[PDB]
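1. below is the sequence, then the experimental coordinates.
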Amino acid sequence: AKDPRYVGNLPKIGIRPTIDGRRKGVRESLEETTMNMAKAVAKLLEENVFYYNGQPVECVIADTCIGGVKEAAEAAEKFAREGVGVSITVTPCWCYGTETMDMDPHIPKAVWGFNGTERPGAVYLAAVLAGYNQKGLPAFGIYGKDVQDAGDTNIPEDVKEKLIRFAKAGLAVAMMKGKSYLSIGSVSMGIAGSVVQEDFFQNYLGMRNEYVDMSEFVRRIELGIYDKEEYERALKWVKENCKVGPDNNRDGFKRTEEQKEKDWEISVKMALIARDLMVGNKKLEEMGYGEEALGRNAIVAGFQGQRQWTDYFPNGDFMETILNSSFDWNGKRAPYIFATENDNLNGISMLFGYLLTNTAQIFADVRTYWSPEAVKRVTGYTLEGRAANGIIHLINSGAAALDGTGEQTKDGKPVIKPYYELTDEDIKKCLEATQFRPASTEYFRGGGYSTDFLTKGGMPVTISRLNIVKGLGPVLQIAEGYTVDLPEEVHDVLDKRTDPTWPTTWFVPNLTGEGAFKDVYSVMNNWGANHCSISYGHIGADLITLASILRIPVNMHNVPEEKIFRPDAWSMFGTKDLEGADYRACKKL
Amino acid sequence: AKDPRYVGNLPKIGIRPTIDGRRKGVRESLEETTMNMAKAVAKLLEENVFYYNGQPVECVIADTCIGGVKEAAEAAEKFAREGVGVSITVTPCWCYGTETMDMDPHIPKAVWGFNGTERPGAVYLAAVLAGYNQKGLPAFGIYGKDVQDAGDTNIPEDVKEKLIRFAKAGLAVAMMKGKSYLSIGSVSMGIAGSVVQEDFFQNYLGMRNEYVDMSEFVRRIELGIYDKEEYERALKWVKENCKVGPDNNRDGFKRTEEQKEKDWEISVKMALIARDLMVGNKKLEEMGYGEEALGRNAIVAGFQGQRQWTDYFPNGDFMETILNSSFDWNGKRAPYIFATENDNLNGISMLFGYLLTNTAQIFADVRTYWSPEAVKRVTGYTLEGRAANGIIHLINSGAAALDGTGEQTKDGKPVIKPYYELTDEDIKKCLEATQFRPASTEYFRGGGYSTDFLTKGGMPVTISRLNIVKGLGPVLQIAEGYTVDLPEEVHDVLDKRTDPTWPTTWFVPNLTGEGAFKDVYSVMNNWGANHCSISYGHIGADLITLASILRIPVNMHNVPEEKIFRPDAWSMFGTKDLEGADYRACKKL
Amino acid sequence: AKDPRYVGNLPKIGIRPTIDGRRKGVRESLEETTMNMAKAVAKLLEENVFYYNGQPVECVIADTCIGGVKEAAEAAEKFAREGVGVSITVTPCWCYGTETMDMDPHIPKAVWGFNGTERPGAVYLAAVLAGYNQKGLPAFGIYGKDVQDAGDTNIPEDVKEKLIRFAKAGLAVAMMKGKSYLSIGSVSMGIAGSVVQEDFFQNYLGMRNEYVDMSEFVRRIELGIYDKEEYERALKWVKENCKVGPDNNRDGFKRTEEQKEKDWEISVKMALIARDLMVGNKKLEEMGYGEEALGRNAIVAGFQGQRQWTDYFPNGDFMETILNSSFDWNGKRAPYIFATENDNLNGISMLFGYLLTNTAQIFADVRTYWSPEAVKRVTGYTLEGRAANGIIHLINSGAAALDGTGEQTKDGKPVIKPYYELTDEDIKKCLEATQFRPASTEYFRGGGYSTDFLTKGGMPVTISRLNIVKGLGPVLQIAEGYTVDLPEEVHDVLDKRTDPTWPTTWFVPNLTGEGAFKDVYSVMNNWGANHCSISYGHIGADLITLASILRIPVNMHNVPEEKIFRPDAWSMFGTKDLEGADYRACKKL
Ligand SMILES: C[C@H](O)[C@@H](O)[C@@H](O)[C@H](O)CO
Ligand SMILES: C[C@H](O)[C@@H](O)[C@@H](O)[C@H](O)CO
Ligand SMILES: C[C@H](O)[C@@H](O)[C@@H](O)[C@H](O)CO
Ligand SMILES: [Mn+2]
Ligand SMILES: [Mn+2]
Ligand SMILES: [Mn+2]
Ligand SMILES: [Mn+2]
Ligand SMILES: [Mn+2]
Ligand SMILES: [Mn+2]
């Protein structure tokens, strides 16, 4: 399947069914059972793993069962020729280890050994993995807990969860390769994550780094380098669906009516240009702007904003909010992972979750830790339920995907769905629960409109953050938890004394009474940056798998140990202290 | 004592009696007491540690007490000429640290400080260990928990354990240096462990690497290069004591009667040739084959087998079974550590446990994990006792020491004893409980005879595996547990649908509730290879101490932490997380 | 084009035409010129570089000029689907560095900047090379010394050389990836190079490692697993074209007539079996041996031989001689790089030169250094010409491609040509100048037929050796020189007292007066092994470029420094001492 936005095709998953090489007996008796095992997996993935556009992941099965090096090489040729980016080996019998290995060091690989009695399937699993570990080519091992009878094409639940987790993590990793990260502007207000370390993108993600100064937005707005037809349509949509809230700037800080109208115009143009830069726009060709039409093939981008741009032009709250949303004037669509303040690292954090879920991600500041004592002192209210031990106030400085309202609903519960599952009502409710407020000119002299909403509580979420530490490299921290609802009057009091014109999410992380999850305070005290990424659902186990593939250790997370799924090689670096083994395995391999 | 099979003598343990060099009163009053400690330690060791031939380990005590560098040099000189390969320092008083140190880097060393009040014995212990830690020379520290009165030569129980544990691990380590690993054939069916990494053998174990193509067996069989008189006796012994069980090959795969008889002949010859290769055979010289007579001075070897050899000739089951056993047509004898499928890493795994116990080791595949739910479905029987949480099927592809029956007895319990403790009954019953079945031709086209037995339950055992992981090097995993008995009818069903003509051992590992031992399944899912070595008894602690001496980290083990005995410097790398400290200490030291 | 012997297709060279992205005038005026450079480079390469089957290398040009990341991604996508394994960027103007870079790390890349004045072509060259050096992606830089007028498509001579040199080295490198090294037998007589270090094959060459015990030859010979119809033709061809020379074994060591005939039969079968193992044989499938039919997809292999096999069966001289030759009973054909004594390192040495020239390589021992004083004493003859400073006796223990005679001719000069350029006369004379002598039974008890010839003098050659040194890894040594002729009677004396039944080549290396080349003796005293590979022509420079691409340092070579062509980053590690820089660059990059 052609990637609808980026060069080339979407990564495919290749299934390698291995078999015993002995003919005139053994091989013939397993030819059908082994091939059927591969088809079952293909069918499973096709029904559970989907590309960011809603299409089912496409699988490629080897033309024959691999029993030796010849057939293994023919498979590689076929997979490489068909654009396979993830490989899964399946078998019910004994196979000749290294002779049947996938030797491509550049793709995520997993091996599923059938837990049957008739043949040494589990023996090949441990044998080939011993090979993988010994050669230094990480591989995941999949082995079901319960014995199944020969030929059982019904994949057991424990096996399913691993195949899917592996597939999604692998697909996400394969999706980033070859793509660009567009840096619009430079470092923002000294924020570490806004500095671009190419080594990370190139070596860890196989991505490219593109750069463009914000003055480009001036040129494109002045010369009208954008779809003017689309612009008018978007300007009209904004006036029909975006409700303007009260202006909080006090006299001396209030922009005029005329200023506020130009603020909406530029903001809209900014959204169009940022998107045109990221994925290009063929409309620009007939307009005489062929080079601009091309785009930067960026699957993720960032906009510096403060201080240089915002001190004169409207801020990027709307642009940053709309791009990340799952809909706009052109209807429902996939989000455009856009990082506020050019925090490229937070952009990647968001990208990880996006590629693992196909759903909008919320950029946000870890602003305040509210202790049960403080909420009581200030509002007189005693936190209850999930909030009984304190809460964390997540609120970006003005921009956040409209999906963050939590108005999207499934089975009566608040969620964030992939754009392709959205209903007309989901969209309308998100928009109605949002209020655009004039930017606080004391911070943003140029003007703009911030996204003001309150995330519905009770929704399971996962916040995460990728950081780069000298002497260690990239490292990931994860925190699964839920969003909470406070009584209306309590929210108002906490909100008014912070920044009521910005988007709000009340977060409670799942505690474990250990590490940095002993209490709510520790979760925040250990956060390694001012920013984090919020994703609907509990994708922590997924993030852990993905990180291990990328060779990025996880310094902090509250995922139950039984869900941790990493390449077989990790266990050789330690089994009593997984965190320790994670660091040792990442560095060495 | 002279090593009966290999070049040179058996390693000796040297005792160094350190003392306060100060005369005028101090030393004159401590020589007798110090020497008495040395004498006490030698007596203790000679009664508890034995070479693989049953002979008690021989100790050497310094000619004088050691209170300075001159006397220390004198000791080194004597030990070197006396062939010492392990040293133990003893003292009841203060001595001058580095001036009294054993500076040999290639010799396992321990220091025992008397826990007496009169003199600073414990003060010397800590002072000199700090020295060994500063100089980078690992040394074990032994301190008794209960204060003893000056002169008491009764070695406390907690001190005895460590002294013996150190002595055994050290002896095992010293036993391997200079010996060869004979590789017969090359890589077998792509099994990672059949690849020979000379670096490991030379640098960790100080062993030599010898190689010989299996075609050598053809030459010797065709040209009758072997003791023809022994061959006859051997053939006659096999016929009188080896019962041939039912042939499971289905008509289209059955070998004629003529072939089956030839299979026996060649199988017996294979045994003789393999053994002649490992330790030579003076008989060959008389026959005119002087080069062949010499042998490869190998204390451990392996035989490729599949696919090349077994595709035409009788497999090596009988050869691999008889060599590893503690007896044959020539009566009871030490075993010959022999690796199936030329898996040298499992060969070393077996050699480890063999040098620590003097008993036959069982080579086997980690074939199937049987959950209680699975056994209930397949048999309708509910697992009880140690089996209630699940069992692991350990069964090599056809070969296993006859000791593996568990028919040997001590105090009415099943055990595997050192060959020198065997009674004629023990031997007789091991053979009785065993059936030699015609090899499965679909797998082994050239015929042969696999070993079929069922290890008796209730026997304490320890399974282990050495693996080599890229970016880490050698790493060991241990799992202590027990063999179990299953209802006769329950066993038959489970056995018939697996591989009934191969040796079976039902294994249940001890669980800790944490790490790789939260449940039976986890133990198998964390095994880093398809093979393992089974040793009678619980020798995890001994293995851990041995591995620490070899600087080989232990990624997985269920040995109670209180039993962990490692060089003093290990704790300098951490006390809260021994696993992490093990890796740090192994790497830096 | 499809690779005739191995899985998949032959590597293609991709051309990337980079341009200034600026429209409005610049780019519109440079597309034609840029594309023309690409076309010129493709035409040049197709006329000068050829696959090992004589077919001209196939090039692929980007669909559009490359002025940004989008077009660059487009190029990557196309090249990947077109099976490109080597890339060359071309341009006559300035382009945007990193935006136009080829980011594939696993593909040899070069950049050619036009030396024109109109545009900043040379400025792009240096700018993008700096980029490749900063990102750690080696890339060759090609700059012409003479300014050319805009539009000139005539590629200057100095640029042609580098383009072709890069193309050939890159092709050779791309040719090995995915291919297997077949190891038949194990270590031979303790020769370091017969030990297989998978790490090298997998990480430096991207090759697979296959293994098969020599006992396989017994099975196939006994069970007639080979083309019986070809065998007959082969036996008949040997009798009509292979002359049997005098038997040098002295009565007590002569083999009967029956044995000598069997020796021929088995020798011919050995050749067929070895070849069937390397590339399979569809004929085997028809015969019912489908697994055997597949082959091991090996582009290079080795045969242990001594001691195990030769102690009973006919040695592999004929097999090793015929396989490496450019012709046999089936006519002229590409050679089969085959290593004597399973010395895989010499196999790779030969494979290197073979992939750079498409010609048979000569396997040989560096047997004796003959000083002028020594030859004067033993023969009374004074060495003249190139031999005046001494000669080195290169003579393998019995095997050598018949091409080694030097009987092939071009312009009245002795040479070794690619099989596709051979005339019937060439072949006829190679056989005529060769004598097959009965193997020396004192060394090879099982019989056989060694190859006896005398390479003609005056032929330019290059000998080379790849070694693996602990603490360094792979390291290559080169020595260009010439073969020489000695008076007929002088040769006989020197030959008779060495080994007259083995192939002889009198070698004289070029001296530089410095390093390992101050004198003939120094060249041999600095050879790091007993073996070497002899290739026709002076290919040191080509080898150096190939080694730099493989990141394998060259410890010794007599190639004029002006001819050294390495990735641009190499000079960043030093310009005054290229040897030191080579090591620093190989290690860090
Ligand atoms: C207005 C402020 O600069 C605000 O944007 C910052 O505090 C930002 O939230 C830092 O992450
Ligand atoms: C018959 C089979 O090849 C069997 O020997 C293998 O599966 C072996 O158990 C691998 O460890
Ligand atoms: C006959 C000898 O073994 C000969 O083959 C060896 O010396 C060989 O040349 C070693 O390279
Ligand atoms: Mn912020
Ligand atoms: Mn609000
Ligand atoms: Mn096995
Ligand atoms: Mn049985
Ligand atoms: Mn040689
Ligand atoms: Mn000659």
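-> Nice, I can see it. Numbering: from 1, shown residues only, chains lettered A, B, ... in the order given. Ligands and ions are numbered 1, 2, ... in the order given.
2. near chain B, which residues of the stretch 1-150 of chain A?
-> Proximity of the stretch 1-150 of chain A to chain B, by C-beta under 8 Å from any C-beta of the partner chain, involves residues A:21-22, A:25-26, A:94-101, A:115, A:117-118, A:120, A:122-131, A:133-136, A:141, A:143, A:145-147. Yep, even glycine has a C-beta here, placed from its N, CA and C like the rest.
3. show me these that map onto strands.
-> Assigned to strands by DSSP state E, the following of these qualify: A:141, A:143.
4. ok, now which ones touch residue A:82?
-> Contact partners of residue A:82, counting by C-beta atoms under 8 Å, 6 or more residues apart in numbering or on different chains, are A:12, A:14, A:60.
5. and the last one, how far from residue A:76?
-> The spacing between residue A:60 and residue A:76, counted by C-beta to C-beta, to the nearest Å, is 12 Å.
6. near ligand 8, list only the ones from the residues of the stretch 1-150 of chain A next to chain B.
-> The subset of these within reach of ligand 8, by C-beta under 5 Å from the ion, is empty.
7. so which of the residues of the stretch 1-150 of chain A next to chain B sit within helices?
-> Secondary structure defined by DSSP state H assigns A:26, A:122-131, A:133-135 of the residues of the stretch 1-150 of chain A next to chain B to helices.
8. just the buried ones from the residues you listed?
-> With burial judged by 16 or more other C-beta atoms under 10 Å in any protein chain shown, the buried subset of those is A:26, A:122-131, A:133-135.
9. nearest to residue B:575, of the residues you listed?
-> Nearest to residue B:575 among these: residue A:133, at 29.1 Å, using C-beta to C-beta.
10. quick one: end-to-end distance for stretch A:63-73.
-> Start-to-end span of stretch A:63-73 (C-alpha to C-alpha, to the nearest Å) is 11 Å.
11. export the contacts of residue A:82 to TSV and tack on neighbour count and distance to residue A:543?
-> Below are the contacts of residue A:82 laid out as TSV (neighbours: other C-beta atoms under 10 Å in any protein chain shown; distance: C-beta to C-beta, whole Å):
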residue	neighbour count	distance to residue A:543
A:12	18	23
A:14	28	24
A:60	19	27
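12. okay if I get those as TSV plus distance to ligand 8?
-> Shown next, in TSV, are these (distance: C-beta to the ion, whole Å):
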residue	distance to ligand 8
A:12	49
A:14	44
A:60	47
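13. when you check ligand 6, which of the ones in helices among the residues of the stretch 1-150 of chain A next to chain B turn up near it?
-> When C-beta under 5 Å from the ion is applied, no member of these is adjacent to ligand 6.
14. just name the closest of the buried ones among the ones in helices among the residues of the stretch 1-150 of chain A next to chain B to ligand 6, please.
-> residue A:123 (6.4 Å; C-beta to the ion).
15. for the closest one, which non-adjacent residue is closest in space?
-> Using C-beta to C-beta, 6 or more residues apart in numbering or on different chains and skipping residues adjacent in sequence, the residue nearest residue A:123 is residue B:530, 4.4 Å away.
16. dump the residue contacts of that neighbour.
-> Shown in contact with residue B:530 (C-beta under 8 Å, 6+ apart): A:120, A:123, A:124, A:125, A:126, A:127, A:130, B:191, B:365, B:366.
17. distance check, the fourth one against residue C:202.
-> The reference is to residue A:125. Remark: distance between residue A:125 and residue C:202 (C-beta to C-beta) = 21 Å.
18. coming back round to it: which members of the contacts of residue A:82 occur in helices, if any?
-> Using DSSP H, no member of the contacts of residue A:82 falls within helices.
19. what is the nearest of those residues to residue A:227?
-> Nearest member of those to residue A:227, counting by C-beta to C-beta, is residue A:12, at 33.2 Å.
20. thinking residue A:551 is in contact with residue A:583, fair?
-> No - taking contacts as C-beta atoms under 8 Å, residue A:551 lies outside contact range of residue A:583: 10.8 Å.
21. work out which residue lies at the spatial centre of chain A.
-> By C-alpha atoms, centre = their mean, chain A has its centre lying nearest to residue A:353, at 2.0 Å.
22. give the closest residue to that one in space, chain neighbours not counted.
-> residue A:535 (3.7 Å).
23. counting contacts, what elements does the helix or strand the one you found falls within pack onto?
-> Assigned by DSSP states H and E, residue A:535 belongs to strand A:531-536. The contact analysis (3 or more C-beta pairs under 8 Å, 6 or more residues apart in numbering or on different chains; DSSP states H and E) places strand A:531-536 against helix A:344-357, strand A:362-370, strand A:460-469.
24. and the ones you listed, which is most packed in?
-> Neighbour counts (mean count of other C-beta atoms under 10 Å in any protein chain shown) averaged over each of those peak at helix A:344-357, with a mean of 27.
25. mind saving the C-alpha coords of it as PDB?
-> Output of helix A:344-357 as PDB, limited to C-alpha atoms (Å, rounded to 0.1, in the frame of the first residue of the first chain):
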ATOM      1  CA  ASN A 344      11.800  18.000  18.800                       C
ATOM      2  CA  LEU A 345      12.200  15.500  21.600                       C
ATOM      3  CA  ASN A 346       8.600  16.000  22.700                       C
ATOM      4  CA  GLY A 347       7.700  15.700  19.100                       C
ATOM      5  CA  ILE A 348       9.200  12.200  19.000                       C
ATOM      6  CA  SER A 349       7.600  11.300  22.300                       C
ATOM      7  CA  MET A 350       4.300  12.100  20.600                       C
ATOM      8  CA  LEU A 351       5.300  10.300  17.400                       C
ATOM      9  CA  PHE A 352       6.000   7.100  19.300                       C
ATOM     10  CA  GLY A 353       2.500   7.000  20.800                       C
ATOM     11  CA  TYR A 354       0.900   8.100  17.500                       C
ATOM     12  CA  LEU A 355       2.500   5.300  15.500                       C
ATOM     13  CA  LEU A 356       1.500   2.800  18.200                       C
ATOM     14  CA  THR A 357      -2.200   3.900  18.300                       C
END
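26. now do that helix against strand A:460-469, angle only.
-> Angle between the axes of helix A:344-357 and strand A:460-469 is 140 degrees (criterion: axes from the mean of the first three to the mean of the last three C-alpha atoms, to 10 degrees).
27. so how far is residue C:375 from residue A:327?
-> 91 Å.
28. and residue A:202, by the same measure?
-> From residue A:202 to residue C:375 the distance is 59 Å (C-beta to C-beta).
29. neighbour count winner among these two?
-> Between residue A:202 and residue C:375, residue C:375 has the larger neighbour count (other C-beta atoms under 10 Å in any protein chain shown), namely 20 against 17.
30. for residue A:266, give me its contacts.
-> Neighbouring residues of residue A:266 by C-beta under 8 Å, 6+ apart: A:221, A:313, A:314.
31. now swap in residue A:122 and tell me
-> By C-beta under 8 Å, 6+ apart, the contact list for residue A:122 reads A:113, A:114, A:115, A:143, B:366, B:367, B:368, B:369, B:524.
32. tabulate the ones in helices among the residues of the stretch 1-150 of chain A next to chain B in a markdown table, adding columns for distance to residue A:33.
-> Formatted as a markdown table, those follow (distance: C-beta to C-beta, whole Å):
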| residue | distance to residue A:33 |
| --- | --- |
| A:26 | 12 |
| A:122 | 15 |
| A:123 | 16 |
| A:124 | 14 |
| A:125 | 16 |
| A:126 | 20 |
| A:127 | 19 |
| A:128 | 18 |
| A:129 | 22 |
| A:130 | 24 |
| A:131 | 23 |
| A:133 | 28 |
| A:134 | 29 |
| A:135 | 28 |
